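Engineer: My questions will all concern the structure given below.
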Amino acid sequence: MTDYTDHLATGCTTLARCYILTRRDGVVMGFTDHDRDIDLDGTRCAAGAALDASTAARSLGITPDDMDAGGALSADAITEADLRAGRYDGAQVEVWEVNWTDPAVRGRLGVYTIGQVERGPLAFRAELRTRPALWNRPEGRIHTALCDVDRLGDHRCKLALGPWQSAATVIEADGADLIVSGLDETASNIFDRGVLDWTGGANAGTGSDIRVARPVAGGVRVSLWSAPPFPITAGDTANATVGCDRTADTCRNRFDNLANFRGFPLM
Amino acid sequence: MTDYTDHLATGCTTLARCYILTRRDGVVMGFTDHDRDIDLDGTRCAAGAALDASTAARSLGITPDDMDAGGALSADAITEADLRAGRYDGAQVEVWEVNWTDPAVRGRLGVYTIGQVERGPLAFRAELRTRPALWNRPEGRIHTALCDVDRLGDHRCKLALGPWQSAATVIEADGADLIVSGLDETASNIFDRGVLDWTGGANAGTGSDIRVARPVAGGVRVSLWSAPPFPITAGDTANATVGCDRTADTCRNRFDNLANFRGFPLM
Amino acid sequence: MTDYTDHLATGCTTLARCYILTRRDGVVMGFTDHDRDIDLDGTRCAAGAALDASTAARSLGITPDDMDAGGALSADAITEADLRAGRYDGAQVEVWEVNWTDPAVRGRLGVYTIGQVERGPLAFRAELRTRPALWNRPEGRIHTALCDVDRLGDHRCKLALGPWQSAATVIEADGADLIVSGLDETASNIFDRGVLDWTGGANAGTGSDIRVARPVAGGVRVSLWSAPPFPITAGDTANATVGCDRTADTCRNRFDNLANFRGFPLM
Amino acid sequence: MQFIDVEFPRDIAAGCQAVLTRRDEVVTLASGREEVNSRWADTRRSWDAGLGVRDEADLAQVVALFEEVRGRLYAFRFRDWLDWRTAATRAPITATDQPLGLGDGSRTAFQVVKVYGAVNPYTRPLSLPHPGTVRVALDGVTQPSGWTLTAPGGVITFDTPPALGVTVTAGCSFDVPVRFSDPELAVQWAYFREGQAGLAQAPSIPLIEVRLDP
Amino acid sequence: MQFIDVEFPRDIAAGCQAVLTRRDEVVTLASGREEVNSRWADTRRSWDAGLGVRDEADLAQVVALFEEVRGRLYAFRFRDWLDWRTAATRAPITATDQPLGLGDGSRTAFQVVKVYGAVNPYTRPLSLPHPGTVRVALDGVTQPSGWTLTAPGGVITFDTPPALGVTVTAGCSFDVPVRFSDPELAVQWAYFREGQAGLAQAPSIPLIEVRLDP
Amino acid sequence: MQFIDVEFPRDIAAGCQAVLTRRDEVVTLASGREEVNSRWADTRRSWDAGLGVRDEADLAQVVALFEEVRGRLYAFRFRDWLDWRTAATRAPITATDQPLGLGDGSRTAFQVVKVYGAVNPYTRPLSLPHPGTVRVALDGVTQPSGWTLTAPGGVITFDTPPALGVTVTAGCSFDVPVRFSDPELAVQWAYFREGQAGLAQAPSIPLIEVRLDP
Amino acid sequence: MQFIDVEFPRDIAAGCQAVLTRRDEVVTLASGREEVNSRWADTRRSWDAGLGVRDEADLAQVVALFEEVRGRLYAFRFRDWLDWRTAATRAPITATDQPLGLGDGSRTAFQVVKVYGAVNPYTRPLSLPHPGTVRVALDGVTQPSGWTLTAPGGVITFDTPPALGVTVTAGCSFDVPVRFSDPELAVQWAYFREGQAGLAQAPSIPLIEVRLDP
Amino acid sequence: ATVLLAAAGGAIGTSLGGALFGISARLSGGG
Amino acid sequence: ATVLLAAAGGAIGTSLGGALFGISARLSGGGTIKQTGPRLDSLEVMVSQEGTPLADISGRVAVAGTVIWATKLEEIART
Amino acid sequence: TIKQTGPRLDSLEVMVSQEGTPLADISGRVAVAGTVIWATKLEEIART
Amino acid sequence: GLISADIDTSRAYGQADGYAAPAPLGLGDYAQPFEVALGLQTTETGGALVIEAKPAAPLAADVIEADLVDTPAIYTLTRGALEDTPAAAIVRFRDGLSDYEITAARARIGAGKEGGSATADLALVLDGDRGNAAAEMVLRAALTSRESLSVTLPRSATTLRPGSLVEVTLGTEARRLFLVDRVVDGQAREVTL
């Protein structure tokens, strides 16, 4: 950006800032402000329908900066269904100021993450919150009676996992209560309060929580807490994940990881 | 108004909604929106100036909505002196939507209570608060010290009533300090903290609290807590009421309602 | 202003209100609204780019009215360097309404103190807060372990003072760390936490707090807590003031005013 | 109400211009489905006058009338040539030309109404029927008398109600209540003195035919 | 809906404005990027009338007609000179001139459709075919009886559906539906009587061709 | 993009008015130092048309073209006389008049470009070369064939790339993509029927030459 | 900076307007109190051009020239008639006419300076002396060689600095620097070809004399 | 006269009135 | 022509929206965001409940702590 | 009118070891528990 | 849960005897007490957290008002009221030497300039030497803070970053030490000093 400063000083400057965007899925859109698409470092940035709003919010993070960048929705670059899916949610966009006059000088104006997303019939508004804002969300590190093991296999949990987890294919598409096949009766009720990551389909390992796993005819009907993101077709592969109630007793019955038990029950 | 919805679908609908209002007095003014007066469901709604202001505020009671209808003052419909008196205040207005095209179908769009009134030399604006807002006011149910004999004759209080109540007429009109006649010297100081409902005149049994009752020549002079609303003529019929200090001893001396004393003298 | 009211009643009124301003220094500026200069009560108020007053806020001290009398800055009347110095800060301006028609009738519209002051390249904006606002600042009367004697020699302190205090002339201008001469080695470190009122120069007895008083070659280098207001030239006369930490030990060692310590340290 | 009866001279009315305003619309979506919502008080005529005041003395007379109204106390009468004839302006206005309605044997009172259009005529009740142009015709024969016209009312009351199946035809000149839109009065007077003048037309004075709200 | 069919006089129509109203644009970023929003069912027309009134009596007739609908109740029948001819102003409209479509052996009903443009034509169904200008044609021969024309519908229904391979061609005058844009109407009539004037061009009468939602 | 190929008639183009808009400016302080910041898409041409439509039947043809575009589906072709000749308007346009560039032995494709200037010519790529006016000349001799013009592309591709140091000179008429600024279309026809006319020029129609975003 | 020198044709300049832009006023309270704010280095000149084009071919040339700078890149050379003559429109400019200054024996370089006003003159250094109108004079004699004129600089450097007491006088035509005020250009060209028109004046081409920051 | 009534006090009043008599969790969003 | 909304509720919405989602000491003046420290470990008490999140000290501090798993009671001889 | 909501104030007053708190400085007749000041250690005659 | 983004604390300084975080919230909030006591300002540039300590003078950029002609009002001074300076600023901080227990140390304002009194509690455990030193520093720094200016910066100068230090000439007067507070970086940047 030093040469970019020089370009401004000379006055021979053409703005080609490219708002490269990496979504939660990891797909990348160059989105350059310049009307002629520029490949900077091998990355074409789309001239078409690139959100402008270049100044937006520009503090140094003392104030978390949400760069409001309402942009014309480009179906090709951005999909409404994906926005609804949330693939676009939590998308980190690195705004690099580049010059058409010189591709070599790229200085990142800011690192931003879309935090607030809004939609319109043909256009959309995005608030590009800075990393401090996400960092500033409070976790609280609560310590309490129930196992805080939570998701199994985490570094704190040190869960062996392994054999209990099983993979199944959906036999019937019932939205939240889809019936699946390839799951044993024993497997059911161990996947209760678990997840059903869908290898098959758009989810690609994204799983709605299984509120209830109940054995039925033709495999286990799985009642998810919520309807699956994307319409899940029957026959889509899913990896059922063992669900622990994370009660000290439940943790003990299922795995008995005394060394790693995060449930401090008595007082 | 079901037919009115059908009329809306046809588009052949002329609005004749009438803003019938019942105040504390209970007098009803149609105040119909339709310029030609329409009588609906046995209620004549004159074409008094309709109260129309800005935009509809509609939430189904999740949020209490005060509707700020602005109505040009109509002398027949509203009187400023009565508004000052507050007979108008506390008015309940039911908006019944009717169709000029069809007189038969009348449905109440909403039931609202006038709360905040702003007056102008020739026009007035009023807020039609919903019933939840009035309900939302908090009594609090506090219980301490003084007996709840309180206002005499309250059903929970179960006051004997009967003999203590008296009938009086005003010898002189002095606003707060009006001299009264027909009251015994004994009655004075027992009617202290009492009420003096005036059967005669506009008050019609509405009485300012008597702050102090002291016997004087020409009949007891009564000092009210506040000046009576409306000018009170001398010789107006009045009803004299006992005042309960609510001190536990006073409650006991005057009525001794042990069965119904919400008094906690010694703790 | 009784006659001024009469002037308004006649309609023969010309406004000559003079915004007499007394700064912290005590210098007085006429600042009259009337374009023709008026010598009211001897003092001459010239228009002098009088600060403009437009939207009247008048509350009788229930609300202190800080009039934003920002007018074109008058260089002659007011100096920016003095404003930076703060001599202009805390200026008490008494707004006296006067009439050009009659000099004799002068009634103070209000007594005001400039509190919030801002500047523009050729203009200034100032808030003339009423006296209650400054009075309303909360001291709190805190009582705690350290000597609350604070600045020595106050009526409460009853400090002997006297001999320890000394007078010095600056030998080197180092801003906050200016080296001074004429101070004994013993005097150094007794003036630690002291003040260095400068008799010489614009300060005229205004002294920056001495953060550190460490003896060095050519007299004591005085490290003030802050750079002196106004540029202090070498050789300016100064009066060094003894600084007491107010620790009970310090209070005892330096003066031992047990009678007036204002310290409650040992529990 | 009774109002104030002050005639607007037709000569002053000469040269004036008017506009017609309707209050029914309130359309719906852009689907092509539109709903008409009517709040009434539609088709009011707005008149701009002050024309044909001739010399300043005549203008003064109208000004005096404005002063008499004093900011339009009550209502002010205006005579409209267009409505004066039930028939076409060249054509004679007759009892036969406007048909009031049909008696049911109890219909003593008939409002004088101008029906505008044919399929769904908008009716203009006539508050003031100009006197002496009123002709009433019963189905059997023209009625010389027994119809009691209320001049403020605009209602003619037959002492004996017309029998069932009897047409009532009445034609009369139209006098319409008008309330001035603006308190201020614009005046073009043309200076007299040596360069004698008197402006023939004063600037437009806004007076609005008003359908009074009951 | 059923709507209303009320004729707008052709003479008044002679003095009428024509402006094409089209929608569906809402483009995107001004970087040279264009996105075509689709409002749907557009191509309405805008007109200003009253320039064809000619005289006071005729002016009264249109005003009465506006009063009849009381503010555009439902539909209003407007004669559109431009769409009246399926061919040309100087060339007679014929059934063959406008092609309704081709019968498939099940296609009993054909709406009169005006195809405008060639490669990507927009077709406009006509609500009211002007009576007597409606002629039905089939590829083999001009078609006479057995076609049931719904005048409000604009649909012509062959009792026996035309078999595959016969082109249905119908050309008719267009009585387009209209809804007035503004309730307010300016009146320029010129006072008659001694002046004996009258006005040929009443101004500010605005109407929009309306594609009624059925 | 392929777009929609609809020609704007030269006769309709006749009589039109144009404006030129540049997007590079963004100057700095009042010190007298100004910095030029360019975001691209500069020098677009804005056209107000509909002129010279003569009789209304011809205007109807333009209206039909507007209907065909249906709110400018894709882009619409416009013929610019000013750019049609590489040379001066009276002067003949020749392959020699515009020099495309020099081949390096691998340069099969040459864009048709209008160089606006001498020291730093702003180049306008020609998206659509009018066919048959295209003349290609190799440095050695005029090239009859082997240059493959992509009409939508505006690129001429030599089957055998011109050798190093070989000048390519090509001159052709310019057809430029235009997208209309406003969905509504103003219409001036002046009426026909008894008062036969057909307004010679319809009111300005905003159509903007747009450099399409890639 | 280095800037750009691009000539603006004199014939186009003949059409161009002249206005004077001056700053530094911002006075104090309007009670009769006045304070002189100083913006510094003002006296720019405002102009509107394109009115001298005469014909379409010339209009094309200026348009191409505007495109050459692609939006006022750096400086633009403008011929100013008013500043061209140090003396008068009817009187020849001479070296003696404008006084550069007096050499002190160390003053090698003198910028051409235009002194305007007498008692408190404002002097304007000229960025570009028009070539060939630059004549150097010394009190003893008109000065020929040994003065190095930096045409971009506007500075003339004597190799041997003039000794004290000799007046340096130089008068030259002023090729003033200009930066266009607005990127947008209005094109009034009048269609040629069959029309054979062309336009003398093109409106809306504002330019501001620019005091370039060195 | 005096200054700032509109600039500060009036400014609060105008904003405050709509809020005071106006219509009556982070996770919730709707609030 | 109807009732309230913008008169009060709409006004609430417009005023609130800018304030609610906008840009993110008397002596200081700047009002730079800093959190004045609380009393912290002063007067720390042994809260019986362990549900509260633990102190997780990052430096040397004196903590009473929260009782966790006290082993019931040893009732050797109450009276 | 600007107002301060009534505080608990004196009721339920307890002696406080910490000296940070300012003294009451009462201007009328109030009963104050106060804050312990300068306790002279303690006299441990018999620890157990 | 910071994602191991580089945090540069080179400007940052200071020592804490001890700290306890009962609930870990935002990192900035966790460090907010530290920021006042040690004297630090937390900023993030390009995904890297630059903790620029308050008055650590990481760098000062010198700019000239005459040079900056972007707006006429480049000399607007955002001067403070200076009506609210605590004469006494007792700070309740745990004292490590005194058995790690909270104690109050009153910062003493210099000379006689005071506008009421404000006292600030401190979570950080600090030594007695630190006590009554840090508290005193804050009072003095704030008076300087009250004097302030507003200026407009050209796009060409991209050097300024919010939270940076500056030495802007006032043109009429010599350069005054300033701290960038916020810059609307872009074509026109307004800098709070």
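In the structure tokens, chains take letters A, B, ... by order of appearance, with residues numbered from 1 within each chain and ligands from 1 in the order shown.
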Using DSSP assignments from the backbone, pull out every residue in range 7-71 of chain A that falls under strand (DSSP E) and give it to me as JSON, numbers by chain.

Structural biologist: {"A": [12, 13, 14, 18, 19, 20, 21, 22, 28, 29, 38, 39, 40, 43, 44, 45, 66, 67, 68, 71]}

Engineer: Identify, on the basis of only C-alpha atoms, every residue whose closest approach to residue 199 in chain C does not exceed 10 Å; exclude the query and any residue fewer than 3 positions from it along the same chain; express the result as an NGL selection string.

Structural biologist: :C and (167-169 or 196 or 202-207 or 236-239)

Engineer: Keeping only C-alpha atoms, write those residues as a PDB file, in the first residue's frame.

Structural biologist:
```pdb
ATOM      1  CA  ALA C 167      12.174  30.725  45.657  1.00  0.00           C
ATOM      2  CA  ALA C 168      14.138  29.779  42.527  1.00  0.00           C
ATOM      3  CA  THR C 169      14.961  30.971  39.014  1.00  0.00           C
ATOM      4  CA  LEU C 196       6.321  25.515  41.195  1.00  0.00           C
ATOM      5  CA  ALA C 202       2.564  34.814  32.006  1.00  0.00           C
ATOM      6  CA  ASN C 203       1.911  32.240  34.711  1.00  0.00           C
ATOM      7  CA  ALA C 204       2.226  34.932  37.378  1.00  0.00           C
ATOM      8  CA  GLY C 205       2.134  32.449  40.241  1.00  0.00           C
ATOM      9  CA  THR C 206       0.526  29.617  38.322  1.00  0.00           C
ATOM     10  CA  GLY C 207       2.525  26.478  38.975  1.00  0.00           C
ATOM     11  CA  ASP C 236      11.686  33.241  34.934  1.00  0.00           C
ATOM     12  CA  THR C 237      11.127  33.673  38.650  1.00  0.00           C
ATOM     13  CA  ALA C 238       9.451  30.773  40.393  1.00  0.00           C
ATOM     14  CA  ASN C 239       8.354  29.949  43.892  1.00  0.00           C
TER      15      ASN C 239
END
```

Engineer: If you count only C-alpha atoms, which residues fall within 8 Å of residue 6 in chain I, apart from same-chain ones fewer than 4 positions away, as a PyMOL selection string?

Structural biologist: (chain B and resi 54-55) or (chain I and resi 10-12)

Engineer: Take the selection from the previous step and output its residues with N, CA, C and O atoms, as a compact mmCIF listing (two decimals), in the first residue's frame.

Structural biologist:
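Everything below was put into selection04.txt:
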```txt
# COMPACT_ATOMS: atom_id res chain seq x y z
N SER B 54 -52.74 9.85 11.75
CA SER B 54 -51.59 9.45 10.93
C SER B 54 -51.66 8.05 10.35
O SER B 54 -52.14 7.86 9.24
N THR B 55 -51.17 7.07 11.10
CA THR B 55 -51.14 5.70 10.59
C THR B 55 -51.58 4.72 11.65
O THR B 55 -51.43 4.97 12.83
N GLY I 10 -43.89 4.72 15.43
CA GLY I 10 -43.00 4.86 14.29
C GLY I 10 -41.85 5.75 14.69
O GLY I 10 -40.71 5.51 14.30
N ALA I 11 -42.15 6.79 15.46
CA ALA I 11 -41.11 7.68 15.93
C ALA I 11 -40.15 6.88 16.79
O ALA I 11 -38.94 7.06 16.70
N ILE I 12 -40.69 5.98 17.60
CA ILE I 12 -39.84 5.16 18.44
C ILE I 12 -38.94 4.34 17.54
O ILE I 12 -37.73 4.32 17.74
```

Engineer: Can you measure CA of residue 248 in chain C to CA of residue 123 in chain K for me? One decimal in Å is fine.

Structural biologist: 25.6 Å

Engineer: As number ranges by chain, which residues of range 18-244 of chain C does DSSP assign to helix (DSSP H, G or I)?

Structural biologist: C: 40-42, 80-85, 131-135, 162-164, 175-177

Engineer: Taking only C-alpha atoms into account, report as a count of residues only which residues of chain E lie within 9 Å of chain B.

Structural biologist: 3

Engineer: Up to 9 Å from chain C, what residues of chain J turn up? Count only C-alpha atoms and give them as number ranges by chain.

Structural biologist: J: 1-2, 17, 19-23, 25, 36-41

Engineer: Write the selection just made, keeping C-alpha atoms, as a tab-separated table (two decimals), in the first residue's frame?

Structural biologist:
```tsv
chain	number	residue	atom	x	y	z
J	1	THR	CA	-38.67	17.82	37.83
J	2	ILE	CA	-35.29	16.20	38.44
J	17	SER	CA	-14.07	-2.14	58.68
J	19	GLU	CA	-12.08	3.23	55.59
J	20	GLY	CA	-12.78	4.03	51.95
J	21	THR	CA	-16.32	5.11	52.79
J	22	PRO	CA	-16.77	8.80	53.65
J	23	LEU	CA	-18.22	9.81	57.00
J	25	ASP	CA	-21.48	14.33	58.44
J	36	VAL	CA	-15.24	1.13	63.15
J	37	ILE	CA	-12.21	3.36	63.46
J	38	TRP	CA	-8.94	2.76	65.30
J	39	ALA	CA	-9.91	-0.32	67.25
J	40	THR	CA	-7.00	-0.84	69.65
J	41	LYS	CA	-6.17	-4.33	68.46
```

Engineer: Just need the residues of chain F within 6 Å of chain E, counting only C-alpha atoms, so spit them out as number ranges by chain.

Structural biologist: F: 64-65, 67-68, 71, 183-187, 211-213

Engineer: Fewer than 5 positions away in the same chain doesn't count, so skip those; otherwise give me all residues within 9 Å of range 133-149 of chain K, counting only C-alpha atoms, as a PyMOL selection string.

Structural biologist: (chain C and resi 84+118-119+225-226) or (chain I and resi 27-30) or (chain K and resi 36-39+55+74-82+85-87+89-91+105-110+120+128+178-179+191-193)

Engineer: What residues in chain A have any atom no more than 12 Å from chain H when counting only C-alpha atoms, and can you write them as a list in words?

Structural biologist: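 Only these qualify: residues 116, 137 and 138 of chain A.
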
Engineer: How would the residues just picked look written out with N, CA and C atoms as a PDB file, in the first residue's frame?

Structural biologist:
```pdb
ATOM      1  N   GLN A 116     -23.771  -9.364   9.959  1.00  0.00           N
ATOM      2  CA  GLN A 116     -25.190  -9.129   9.784  1.00  0.00           C
ATOM      3  C   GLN A 116     -25.492  -9.170   8.311  1.00  0.00           C
ATOM      4  N   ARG A 137     -17.439 -11.589  21.672  1.00  0.00           N
ATOM      5  CA  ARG A 137     -18.590 -12.322  22.185  1.00  0.00           C
ATOM      6  C   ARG A 137     -18.173 -13.056  23.450  1.00  0.00           C
ATOM      7  N   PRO A 138     -19.015 -13.002  24.493  1.00  0.00           N
ATOM      8  CA  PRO A 138     -18.619 -13.598  25.776  1.00  0.00           C
ATOM      9  C   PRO A 138     -18.973 -15.061  25.938  1.00  0.00           C
TER      10      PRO A 138
END
```

Engineer: Taking only C-alpha atoms into account, find every residue of chain K that has an atom no more than 12 Å from chain G, and write it out as an MDAnalysis selection string.

Structural biologist: chainID K and resid 66:74
